[PDB]
Amino acid sequence: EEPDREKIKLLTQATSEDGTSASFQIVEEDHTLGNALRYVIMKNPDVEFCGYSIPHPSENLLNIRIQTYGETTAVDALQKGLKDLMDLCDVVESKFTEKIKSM
Amino acid sequence: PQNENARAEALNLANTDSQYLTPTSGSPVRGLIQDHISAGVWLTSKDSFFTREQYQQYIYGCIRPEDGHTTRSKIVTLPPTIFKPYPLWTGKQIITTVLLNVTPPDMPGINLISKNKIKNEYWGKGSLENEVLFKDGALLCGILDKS
Amino acid sequence: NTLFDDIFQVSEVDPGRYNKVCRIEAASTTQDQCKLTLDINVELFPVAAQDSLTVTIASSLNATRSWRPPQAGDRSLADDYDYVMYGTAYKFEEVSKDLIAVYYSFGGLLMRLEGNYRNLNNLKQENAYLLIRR
Amino acid sequence: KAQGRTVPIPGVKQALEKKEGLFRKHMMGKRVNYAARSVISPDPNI
């Protein structure tokens with residue numbers, strides 16, 4: 001087994017010395033995950049600033065900036081965002097299956 | 001160009017940024033042309049309000065610290081213009097925040113009293129929306145036109 | 001602490017081709033020479049003609065680093081009023097003998113208060129909170 | 001400066017002044033290496 005290193009990348013040129021602020025770059029992603037992920041990350045009470053930006057349409061890149069308050073790194077805020085979006089999808093999938101039976 | 005002396009020249013003498021003003025009259029030949037002008041009249045309008053989520057998105061959408069757009073290595077944000085009931089940011093505040101992150105921190109904010117192409121009469125009774133006002137790098141009055 | 005406090009009577013509510021903002025023309029119930037011209041987000045806090053508004057100017061809320069969204073157990077001066085705005089004073093004008101008119105901007109949403117005694121308390125501060133009740 | 005033969009062959013003076021001239025067409029102006037040409041398309045993301 002080998003993990004892919006080209007997908008998520010931490011832009012060290014923008015990362016806070018430690019540890020709250022960072023800019024992440026994801027390949028083969030756009031508005032689909034982008035707007036959904038920044039929405040979930042913004043629900044975190046520790047996230048100070050969050051937004052997504054696509055550098056250019058021709059290049060397959062997605063940038064997401066997470067600036068938090070203390071006691072939480074930007075990496076943790078991203079990991080919480082992904083973990084919550086997965087659970088959010090489970091809720092959608094569970095409610096849809098139930099209403100199909102309810103018909 | 002195939003050498004560093006020719007590179008330095010194309011980056012410091014003949015480069016686009018050093019050609020903002022034409023030597024014919026010393027007037028600008030660089031600026032935004034159509035959608036951007038119509039977008040600005042709407043974005044900087046009094047009626048344009050934005051939530052924390054919306055406001056921060058518009059900031060990072062145009063300013064990316066990783067692409068070296070910032071001067072503070074952290075995106076600084078103004079407090080909302082409306083605190084209670086709901087926290088809301090004005091359209092003009094986005095223009096203040098963009099300048100606050102692109103202009104040097106060591107220097108004070110821009111102070112300018114300019115005018116608009118759109119007369120006050122169009123914006124209703126007692127509006128001062130024609131007077132473009134910048135006090136310490138903050139858009140406090142007037143929309144932004146082709147002007 | 002507070003810098004100004006008074007109850008005003010609304011004489012005009014004009015949208016002026018705006019769907020969410022309105023220019024309010026008011027006069028003080030206590031002082032005769034006192035007048036007000038203020039832009040408010042009518043979508044959140046609606047104002048009607050012939051209304052009593054308790055307009056109050058404060059320096060802060062009873063050293064802060066930055067604004068944070070509300071979190072359980074936070075007390076503020078804003079908890080006493082309905083609609084609160086944060087803005088700056090940009091112009092100080094004098095109208096004839098003793099009368100002085102101040103100019104405030106809450107991010108495009110302009111305010112013009114006319115009085116006389118407030119010359120000491122009201123100063124051109126890059127931080128001025130405007131709180132309104134009823 | 002030569003007699004008519006029943007367009008004549010160009011002389012060395014004609015070679016230096018063919019159209020705009022050797023000086024204008026091949027000294028003051030020249031075709032260059034490391035260069036490209038294409039139709040321009042608008043882009044607000046760059």
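X-ray crystallography is the method the PDB entry states for this structure, with the resolution given as 3.27 Å.

1. Structural notes on the arrangement of the chains
Comparison of the 5 pairs of chains in contact shows the highest number of contacts for chains B and C. Nothing in chain C touches chain D, and the closest approach of their C-alpha atoms is 28 Å.

2. Things to note about the nonpolar core
Grouped together as the largest cluster of nonpolar side chains are 36 residues, with contacts concentrated most on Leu 38, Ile 57, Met 85, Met 111, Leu 113 and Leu 130 of chain C. Every element with two or more residues in this core is listed here: β1 (2–14), β2 (21–28), β3 (35–41), β4 (52–58), β5 (83–94), β6 (100–106), β7 (109–115) and β8 (128–133) of chain C. Residues within four places of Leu 38 of chain C in sequence aside, it is in contact with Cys 22, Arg 23, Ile 24, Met 85, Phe 106, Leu 110, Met 111, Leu 130 and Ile 132 of chain C. Within the second largest apolar cluster, 18 residues are counted, among which are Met 42, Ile 64, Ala 77 and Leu 78 of chain A.

3. A look at the interface of chain C and chain B
The interface of chain C with chain B comprises 34 residues on the first partner and 30 residues on the second. Buried surface at the junction of chain C and chain B, summed over both partners, amounts to about 2900 Å²; 62% is from carbon and sulfur atoms. Our enumeration of links across chain C and chain B arrives at 4 salt bridges. Applying the counting criterion to the chain C and chain B interface returns 15 residue pairs in polar contact. In terms of residue count, the dominant contributor to the side of chain C that touches chain B is β5 of chain C (7 residues). Its residues placed into classes, the side of chain C that touches chain B shows 17 nonpolar, 7 polar and 10 charged.

4. What about the packing of helix α3 (residues 52–62) of chain B against helix α4 (residues 91–102) of chain B?
Residues and elements named next belong to chain B. In contact at an axis separation of 10 Å, α3 and α4 are set at 40° when each is read in the N-to-C sense. Between α3 and α4, the angle is such that the two are oblique. In the packing of α3 onto α4, the handedness of the crossing is right-handed. Of the residues in α4, those touching α3 at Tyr 55, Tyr 58, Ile 59 and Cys 62 are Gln 93, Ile 94, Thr 97 and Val 98. Of the residues belonging to the contact of α3 with α4, the class tally is 6 nonpolar, 2 polar and no charged.

5. Quick word on the environment of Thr 90 of chain B
Considering the arrangement of structural elements, one finds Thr 90 of chain B in strand β3 (residues 88–90). In sequence terms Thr 90 of chain B and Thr 51 of chain B are 39 residues apart; their C-alpha atoms lie 9.0 Å from each other. Excluding residues within four positions of it along the chain, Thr 90 of chain B makes contact with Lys 46, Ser 48, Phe 49, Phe 50 and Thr 81 of chain B together with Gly 107 and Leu 109 of chain C. Reaching out from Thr 90 of chain B, the side chain makes a polar contact with the backbone oxygen of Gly 107 of chain C at a distance of 3.1 Å.

6. A look at the sheet that holds strand β6 (residues 139–141) of chain B
Residues and elements named next belong to chain B. Spatial ordering of the open sheet is given by β4-β5-β6, a layout of 3 strands whose pairing is antiparallel. Only two strands of the sheet have a single partner each, and these edge strands are β4 (112–115) and β6. Taken pair by pair, the neighbouring strands of this sheet meet at an average axis angle of 25°, ignoring direction. Strand contacts of α4: β5 (131–134) and β6, with the helix running at about 150° to β6, the strand carrying the most contacts.

7. Considering the sheet that holds strand β1 (residues 8–11) of chain A
The 4 strands lie next to each other as β1-β2-β4-β3 (chain A), forming an open sheet whose pairing is antiparallel. The open sheet is flanked by β1 and β3 (47–53) of chain A, the only strands paired with a single partner. With direction set aside, neighbouring strand axes in the sheet form an average angle of 20°. Where β3 of chain A and strand β4 (residues 61–68) of chain A come together, 6 bridges link them in antiparallel fashion. Among the inter-strand pairings, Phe 49 of chain A is bridged to a residue of β4 of chain A, identified as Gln 67 of chain A. Along the sheet, helix α1 (residues 31–42) of chain A makes contact with β2 (21–27), β3 and β4 of chain A, crossing β3 of chain A at roughly 175°. Against the sheet, α3 of chain B makes contact with β2, β3 and β4 of chain A, and its axis sits at roughly 55° relative to β3 of chain A, the strand it touches most.

Conventions used here
Residues numbered from 1 in each chain as written, not as in the entry; some residues may be left out. Chains lettered and ligands numbered in written order. Part of a larger assembly, values for the part shown. Heavy atoms only, no water. Residues with missing side-chain atoms left out of burial classes, pairs and counts. Contact = heavy atoms within 4.5 Å. Core = buried A, V, L, I, M, F, W, Y, C linked by side-chain atoms within 4.5 Å. Buried < 20%, exposed > 50% of the residue type's maximum accessible area, 1.4 Å probe, protein only. Helix = DSSP H or I, 4+ residues; strand = E, 2+ residues; numbered from the N terminus. Buried area = accessible area lost by both parts, 1.4 Å probe. Salt bridge = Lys/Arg side-chain N within 4 Å of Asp/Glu carboxyl O. Polar contact = N/O pair within 3.5 Å; in protein donor to acceptor, adjacent residues only side chain to side chain. Nonpolar A, V, L, I, M, F, W, Y, C, P; charged D, E, K, R; others polar. Axes fitted to C-alpha atoms, helices over the stretch in contact; angles between N-to-C directions. Parallel < 35°, antiparallel > 145°, perpendicular 65-115°, else oblique. Left-handed = near helix turned anticlockwise from the far one by under 90°. Pairing = 2+ DSSP bridges.

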